[PDB]
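First structure 1, then structure 2: two forms of the same chain, each alone, as structure tokens.
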Structure 1
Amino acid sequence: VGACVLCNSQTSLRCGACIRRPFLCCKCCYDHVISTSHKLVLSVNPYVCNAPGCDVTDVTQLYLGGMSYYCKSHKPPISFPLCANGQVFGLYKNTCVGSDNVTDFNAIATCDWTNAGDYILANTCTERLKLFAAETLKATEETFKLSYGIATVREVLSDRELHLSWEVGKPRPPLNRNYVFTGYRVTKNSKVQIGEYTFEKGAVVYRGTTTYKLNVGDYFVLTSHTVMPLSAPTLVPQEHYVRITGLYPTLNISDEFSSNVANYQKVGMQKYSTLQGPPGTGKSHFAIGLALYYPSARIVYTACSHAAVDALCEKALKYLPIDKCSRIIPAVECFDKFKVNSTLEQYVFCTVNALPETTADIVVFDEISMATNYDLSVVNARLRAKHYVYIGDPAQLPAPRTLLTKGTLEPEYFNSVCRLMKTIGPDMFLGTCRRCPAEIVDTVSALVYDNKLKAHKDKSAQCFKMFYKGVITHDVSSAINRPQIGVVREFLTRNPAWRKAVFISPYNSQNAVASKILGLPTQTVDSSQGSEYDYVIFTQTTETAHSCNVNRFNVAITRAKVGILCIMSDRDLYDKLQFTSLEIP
């Protein structure tokens, strides 16, 4: 027994064909079975024909006959159909409202999550369907990982380099950092974990969590997990206050945080607030400074990734009493300078998926573009806070959507928080970029920030762009543009100072070729998010939707503190770069 996801109506039915088995009320369960292919229904029992060796599961072809369920062929003389009178038969038949359109719930329940429109719907439907969609999508995502063939160590060629043998009659996953494997040792009667791993084309290059002397027979699967059901909304109800509530501001603050004092007061004057921090504007500075502005306030600092939490820890370590901090870790190497797993500590740093059930004066949720509605609900379920602060940038990269192929996902659809920031705007905006030369700040200000992002630094005169299509080659799941790497090689010979530069591209295969030919450190745009480097060399590689994505392009060029070279494929983004154009040698 549970709650209809459409009505909330109390009910004893769950759709058995829906992978999450939502509870549906007699009405909603009917409207759902008669208007989709979903025909298996679960109660306290499953509406299936309890006749010996009959295969009838369709609820519309079954009858209660006694206290058992039968099809037409096997039913007793005295029976009533399970599925008639615009209603499906179960407990609480007299408390049931329904809905005018079940259309959104069917779409969410049936879609394969390959189309953008599926994520658009999942983020614009009612709040209870946002939770159903977020569970359905995440279960569809964790199941898809099982579709992928086992990789097995056939030969250990070197250290850091392997020969894999793949399971037959199943696809092989892409070999980039968005697909993290787990190794396993061949035992007496079972297997035991042996750290997590990633792979890249050679033979294959492997950069595993821990070191080992792994040998033939060791194999790898993308580790999936149980998706738990959601209960809490993606956002609590907003409340605006006329005074700061449940927070006591400091009388003496330092001029390091004095630029945020007005924003800190705003945080205390509503239930949740959104902070848009463009690249190098001071998001973590903001977050730690909030502690010093409300010194008595218990603050839980959270984010999706261990890296995002550890970077809050690194900033705390520099401003907060260490004795007053704790890093929560579940039973991967992260921050090890606080007492571990001290929930009652005044400053708690913890990933979403590891959060304890606790209360706080303020919850700070960082790198919000990377959050899903699933993460948003989990935070609200674990943390009851006087105030919630969501810090991020909807102009930066979202969580990868491994099933999406048809369509692009616009920032207003990344999650509920990003939707607010792109429709009503953010509560707070960090308007000064301290990282990047003015040429890069002017470019991204016009590209994605409605000309509101201002440069601290002057022009560097070291921001350059080349329009060169080159030649595009494709491997199993990535792109290469050798001529664009050639152009960079010629550029380095004439400009040898740029040999301390970081190589960035949209493709891991472009990066592997560049690493060998140039010897620069490489990062995918996606892996560079949150990092900064003095000099950046960027090859667009292709003009695809992936390489032309404005959020990706915005992250790519805002990695640079001093100088950047962009080898561009797309005439559009080339023309938008406020960089010195260079001829082709």
Structure 2
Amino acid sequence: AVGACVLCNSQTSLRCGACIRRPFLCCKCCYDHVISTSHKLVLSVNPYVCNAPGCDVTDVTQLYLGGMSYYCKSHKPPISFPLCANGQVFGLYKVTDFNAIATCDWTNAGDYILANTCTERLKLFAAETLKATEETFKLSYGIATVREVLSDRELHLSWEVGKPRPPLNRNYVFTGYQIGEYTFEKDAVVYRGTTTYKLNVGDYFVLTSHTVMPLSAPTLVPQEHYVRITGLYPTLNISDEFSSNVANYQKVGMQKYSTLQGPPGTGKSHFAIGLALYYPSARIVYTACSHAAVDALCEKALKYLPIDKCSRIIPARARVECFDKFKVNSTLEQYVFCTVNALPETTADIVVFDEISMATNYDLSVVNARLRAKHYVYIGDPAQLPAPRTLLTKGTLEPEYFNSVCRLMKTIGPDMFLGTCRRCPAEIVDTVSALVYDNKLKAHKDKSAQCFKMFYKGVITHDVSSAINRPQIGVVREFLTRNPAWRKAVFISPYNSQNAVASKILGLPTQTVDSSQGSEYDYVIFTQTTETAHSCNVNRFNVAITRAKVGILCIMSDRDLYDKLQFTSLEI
């Protein structure tokens, strides 16, 4: 019942009973909170409530201290002081931003803007409060029950009435009843179970709302600049392959934390693995939010680092199939590859946190709490996709508000910038360089002359709110008959329902823009599907077109983005 104030760190016996995270508030801050919000319950050793029998006064502003006890205006003794007086709430040991975080419902972009522009302690309060709200929102969804099992990949579901149905894609992960985690995609629904289990009738699925633990560490440790490389020992025999990053690797050792902005195909994994070769005796923990990003770092390490000095940390509750070529769960290996949520409590010479646009401040804080490091390297790209904000429905979240690292990269600039895209045909590099990189991204490849664009709005239908554009898929099918080399293409769209329709009509492998991030293919076929804020988002557009190594076909709905594509236009 005694701790440090979230706002001014002052010692207090007071916590807000109305905040969902019950934060410590000092006398001055507790007062400014209760006096400006609907939050009137204050908790000390005991709640500040009227102690008189049967009384219901709990509002701190209507309460008084009568001896060692609390009473309202109606039950107070003649000798009593108000609990709220002279800008303070009475307590042992004797804000506009805090109030907005404490009372917002997290449905507006302004809520996330504030959560990233506030003090460091309020960033943790906002992250914990937000994450708690997001988990309690998972309880709002209805239970799915097996009505009938059709096959090994298809079944029929009966939903709970009165409660809304969660969107059906790979982002929404259910728990069966615990018969393993399950995902669903569109009466016959397609199911995918983590554990191969014979689906029984009457079995039910719920999105597993986990308990949000409190945060302790900052999103970023205080910056420290050094005169020399600190705690790290450079090689004098650095391979030519990594020579381009030697100045950047030295910058890494000369400051507590460093940020690396790496546009698509500019060498992010190459940089991360090269850091190990440049400081060969340094113990590095490689982390990312997703198993996929951690696996991509494992792939690069498998090529350049000694396999016996690596370990892939996999939590006992395996939620996906991941990297198999390293010794599993050997926390003490020189190179540890592990998702943020599975990080052990350990130390490191360098912590490399990859795909930083996908991290939340909650993730930034967890990394700082589990890992004590000499150096922290944040690698990613604020021009790429952020983590989905399931509660956010009003407004667009700009890259400078994705998290603390993205905020720094967009305001003061990244510490390091990989400026040459080695993946994409020049038409793609030139389009995205002008679009999101202020013309600082350069092409290594020539123009492929295999980048096409077609302006075709088609017809937009909807599987609930997920969009489908059958005429856009029809245009693709027509193009494929005339361009058989594109048979090997990956179909990409901003919607899973569009991808499900394209998978049946085209037979191409399918991928959403959000699930394509970090991946690359020779040929990409993209159908914009709609003109929505979602399908027109420049970071999503950036990711979509930068998946291509050789060619891309963009079937566009939006005039602006279509005109910005430096591609050959097709007719029909």
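Counting starts at 1 and follows the sequence of structure 1. Note that the rigid core is defined as the largest set of C-alphas that superpose within 1.5 Å between two forms.
Open item on the list: One rigid part rotates against the other between the two structures; tell me which of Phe553, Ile108, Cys463, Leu230 lies at the hinge.
Closed with: Where C-alphas switch their better-fitting rigid part, the residue is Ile108.
Task: Rotation (degrees) of the lesser rigid unit against the larger between the two structures - done: Rigid-part rotation, C-alpha based: 12 degrees.
Task: C-alpha positional change at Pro81 between the two structures - rigid core reference, Å - done: C-alpha displacement of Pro81 between the two structures: 5.1 Å.
Open item on the list: Keeping the rigid core superposed, can you check how far the CA atom of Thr343 moves between the two structures, in angstrom?
Closed with: On core superposition, this C-alpha lies 2.1 Å from its counterpart.
- [ ] Superpose on the rigid core and then read off how far the CA of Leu146 has moved between the two structures, in Å.
- [x] For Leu146, the C-alpha ends up 0.8 Å from its position in the other form.
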